[PDB]
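Quick notes on the structure that follows.
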Amino acid sequence: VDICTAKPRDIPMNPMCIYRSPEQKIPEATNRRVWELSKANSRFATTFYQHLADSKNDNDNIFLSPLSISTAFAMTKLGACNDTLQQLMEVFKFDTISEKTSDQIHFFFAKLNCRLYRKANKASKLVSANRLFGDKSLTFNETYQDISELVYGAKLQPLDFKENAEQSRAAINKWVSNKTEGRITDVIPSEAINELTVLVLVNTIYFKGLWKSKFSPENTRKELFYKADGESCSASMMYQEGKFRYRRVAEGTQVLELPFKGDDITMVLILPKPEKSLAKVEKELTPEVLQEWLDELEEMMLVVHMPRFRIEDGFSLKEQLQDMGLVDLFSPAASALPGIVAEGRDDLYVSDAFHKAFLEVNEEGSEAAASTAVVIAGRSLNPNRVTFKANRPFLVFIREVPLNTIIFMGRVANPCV
Amino acid sequence: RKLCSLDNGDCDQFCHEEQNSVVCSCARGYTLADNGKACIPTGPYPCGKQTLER
Amino acid sequence: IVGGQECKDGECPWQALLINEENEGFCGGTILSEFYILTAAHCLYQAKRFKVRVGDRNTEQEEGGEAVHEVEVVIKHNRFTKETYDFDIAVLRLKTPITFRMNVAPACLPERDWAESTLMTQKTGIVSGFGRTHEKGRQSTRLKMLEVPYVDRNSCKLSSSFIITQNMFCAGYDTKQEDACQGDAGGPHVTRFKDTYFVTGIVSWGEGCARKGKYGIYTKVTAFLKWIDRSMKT
Ligand SMILES: CO[C@H]1O[C@H](COS(=O)(=O)O)[C@@H](O[C@@H]2O[C@@H](C(=O)O)[C@@H](O[C@H]3O[C@H](COS(=O)(=O)O)[C@@H](O[C@@H]4O[C@H](C(=O)O)[C@@H](O[C@H]5O[C@H](COS(=O)(=O)O)[C@@H](O)[C@H](O)[C@H]5NS(=O)(=O)O)[C@H](O)[C@H]4O)[C@H](OS(=O)(=O)O)[C@H]3NS(=O)(=O)O)[C@H](O)[C@H]2OS(=O)(=O)O)[C@H](O)[C@H]1NS(=O)(=O)O
Ligand SMILES: *[C@@H]1O[C@H](CO)[C@@H](O)[C@H](O)[C@H]1NC(C)=O
Ligand SMILES: *[C@@H]1O[C@H](CO)[C@@H](O)[C@H](O)[C@H]1NC(C)=O
Ligand SMILES: [Ca+2]
């Protein structure tokens, strides 16, 4: 059975413990709920990025899929109860959504991903590898396992953590590999899983878009990059002029949208003013202001200086999330996951969540329409040229056009090397 | 081939022929010399002159 | 420009540069004198708010010596068309006169007849600007200049896909691949006689930039010295 064309309540629905909390028009072909479960992620994405930002060095590149990190903990929200769930509800902002959704949610999140899966791969490539992991001994629910299969993709994979732990760890990794066909690997580090690691969250993504309008390699050359630590750098700097959508907000930060093939997936970049420190932008980042950056965009003839870069991120989500209010989900002494087991003695929790994202960005892209123009080629330039030479600290965003989902979030700090 | 045809009438700039005979003139900012076949500037930075101060 | 080189201090003082409110060049000029600038017509067509910067040889780094003047009066040749690129020229009167200095001085304007017989017959001239450097490459940071053999009118025509007005003229190397390119329009094309340079044509159009058997098209100044100084009297 395929979820991308199979409404809920067409499969065992309405699970155990369902949480309850004490004019904007819907786009073209779209389900009111998806667009909902979607905007929720958006709400969640900014907060999270922020925290995860302090966890690292202003000089380390950043990358990730809020939507993944989001959808995963949705497979937990699925089988959670009491004071534990509430949290998972208010930290992933799933408390805004309506009744139904806030229940079958785990399903929609799927129905969402699919949509975002096609358009993406249709012209470009998006690989994902994510599963939930638990020890043998524990006898996991039969149902959840059924749900988890036809919703998150696969069931839960029991491993011998207690037995030969590491033997199991490095067994997960390999799995990621045989799925992301190489690209992502070592999702989980060393000294992450020991003889207590009962349950771990694992979501990982790879993405390499395709420019709607390529970049000539022949116009790529080593130039300088002015790091935030003050330092200098030499990276591969690409370059091309064309009409793109763009906006210089009042503040002055610069918003550039570069579409991938088909204009279904664009990757806007946020390049602040040199006066401004990419951090302040990050310190002051809100969902409300993510809006301003896009809400008003104009198509202009702007020259784009963008670097060629790669970014592979691996990190424990637990550290962060915790600080954000999710506590119980990770404390054995006080959990509430009677949905995936309900038998032990309050013996089920999450030891860690491993998110591994990887982004590629070379000149590549294409449509190659044709030499569709054979007229007098005036030798003057566009009087209204505007330039975007992102040869310094800039944010990254990868979204869906109609739905406006923030697929990928990220930051380019150190390109060169 | 005759007047201005031959070595541009030994002038320094423009060549003509008022009264079946060679005549010279100069671009604005210049002043023909008393010898009549050479253009002597009128100021410091005159047209066509690559700025060279050293 | 495509090929050529880089005007060393004071080799192309007349080069001017039109720039926008966001500050960006996009059309060469030709200092005709302390007030009037000589540029292309198509340059201002879809333009909007600009200014002329003089004697600046580097855009990535401003270091004085460079001056920014404002435009008091724009005058496009009333008979210009983006459909024939004929009459692609225009004169610019600034609001506050230029102050000549190194890297900054005019270029002389020939006298019709003499011109057509002494500069136009000459073998080469020098176009310059901050254009690209391949049909669709990068903009130049610095001010390149390049020499260009005049081309046989009757030949120009056989190579041209588009007609060639007697207002135009060709300049390119039969096989060498160097030329003027986008960002260069409106720039100077000066021809030397003795120790003086005269402006001869304006950087207009062309098919691509340095294509096989394709030539550089320049507005024949020598055929406007009239409409010019006429304009030079508003
Ligand atoms: C307490 O009240 C709350 O719960 C009750 C009961 O919930 S329960 O079912 O869990 O018990 C809710 O009532 C129930 O929900 C109804 C509902 O969702 O409207 C209804 O759901 C069924 O019927 C829906 C309407 O169908 S339709 O024929 O009128 O279209 C259907 O919703 C439609 O889904 C499709 C879809 O998902 O494909 C939507 O298509 C739209 O998007 C598609 C692309 O999606 S994508 O993901 O973005 O890619 C496009 O291809 C398509 O073009 C586009 N339509 S378009 O016009 O824009 O082009 C379509 O818009 C939706 O209307 C339900 O599918 S579902 O996926 O949305 O769930 C379907 N589910 S089903 O039950 O399995 O069949 C239930 O019948 C109804 O039960 S009830 O007993 O009758 O009440 C109640 O709404 C809820 N109140 S609330 O929570 O506060 O809001
Ligand atoms: C969990 O759920 C209910 C609240 O609905 C609570 O009364 C109960 O004590 C909690 N703990 C359990 C599972 O006994
Ligand atoms: C992935 O694993 C399967 C089953 O173990 C194996 O058949 C396949 O060869 C692996 N991937 C490849 C193509 O190497
Ligand atoms: Ca400069």
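State whether the residues of segment A:184-198 include one that is among the acidic types (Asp, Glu) and under 30 Å from A:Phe260 (Cα atoms). Yes, the conditions are met somewhere in segment A:184-198. Any residue that is of a type outside the set (D, E, K, R), more than 9 Å from every other protein chain (Cβ to nearest Cβ) and surrounded by fewer than 19 Cβ atoms within 10 Å (Cβ to Cβ) - is there at least one of those in segment C:192-203? No, because not a single residue in segment C:192-203 is of a type outside the set (D, E, K, R), more than 9 Å from every other protein chain (Cβ to nearest Cβ) and surrounded by fewer than 19 Cβ atoms within 10 Å (Cβ to Cβ).
Scanning segment A:260-311 for residues that are basic (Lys, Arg) and within 21 Å of A:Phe63 (Cα to Cα), we see that the one that is surrounded by the fewest Cβ atoms within 10 Å (Cβ to Cβ) is A:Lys283. Can you confirm whether C:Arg138 is in a loop (DSSP other than H, G, I, E, B) and crowded, with 22+ Cβ neighbours inside 10 Å? For C:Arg138, the condition - in a loop (DSSP other than H, G, I, E, B) and crowded, with 22+ Cβ neighbours inside 10 Å - is not met.
Please pick out the residue among A:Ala80, A:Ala110, A:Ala120, A:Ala72 that is more than 14 Å from chain C (Cβ to nearest Cβ) and either within 16 Å of ligand 2 (Cβ to nearest atom) or over 26 Å from A:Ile184 (Cα atoms) (or both). Testing whether each residue is more than 14 Å from chain C (Cβ to nearest Cβ) and either within 16 Å of ligand 2 (Cβ to nearest atom) or over 26 Å from A:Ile184 (Cα atoms) (or both) leaves just A:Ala80.
Restricting C:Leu38, C:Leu44, C:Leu32 to residues that are within 13 Å of chain A (Cβ to nearest Cβ) and under 17 Å from the mean Cα position of the chain (by Cα) narrows the list to C:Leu44.
Take the residues in segment A:82-96 that are part of a loop (DSSP other than H, G, I, E, B) and either surrounded by fewer than 18 Cβ atoms within 10 Å (Cβ to Cβ) or basic (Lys, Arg) (or both), then tell me which one is farthest from ligand 4 (Cβ to nearest atom).
Residues of segment A:82-96 that are part of a loop (DSSP other than H, G, I, E, B), as a first pass: A:91-96.
Still in the list and also either surrounded by fewer than 18 Cβ atoms within 10 Å (Cβ to Cβ) or basic (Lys, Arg) (or both): A:93, A:95-96.
Numbers: A:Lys93: 51, A:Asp95: 57, A:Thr96: 53 Å.
Checked segment A:82-96; the qualifying residue farthest from ligand 4 (Cβ to nearest atom) is A:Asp95.
Per the listing A:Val341, A:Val375, the residue uniquely within 14 Å of another protein chain (Cβ to nearest Cβ), more than 26 Å from A:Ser65 (Cβ to Cβ) and not in a strand (DSSP E or B) is A:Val375. For first residues located in segment A:265-288 and within 26 Å of A:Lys125 (Cβ to Cβ), partners that are outside any helix (DSSP H, G or I) and hydroxyl-bearing (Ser, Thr, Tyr) and lie 6+ apart or on another chain with Cβ distances below 9 Å form the pairs A:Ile265/A:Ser124; A:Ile270/A:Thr253; A:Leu271/A:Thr253.
Apart from one condition, A:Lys122 fits all of (1) within 16 Å of ligand 1 (Cβ to nearest atom); (2) within 16 Å of the chain's Cα centre (by Cα); the exception is (2). Each residue in segment A:7-39 was checked for being more than 16 Å from ligand 2 (Cβ to nearest atom) and in a loop (DSSP other than H, G, I, E, B), and 16 of them qualify.
Looking at segment C:95-118, I want the residues that are at the interface with chain B (Cβ under 7 Å from one of its Cβ atoms) and have a partner that is of a type in the set (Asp, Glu) with Cβ atoms under 6 Å, at least 6 apart or on another chain. Which pairs are those? Going by the 6 Å Cβ cut-off, the qualifying pairs are C:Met102/B:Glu53.
No Cβ is skipped: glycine too gets one built from the backbone with ideal geometry, and neighbour counts run over all protein chains shown. All of the numbers you see were taken from the coordinates with simple rules; none came from a lab.
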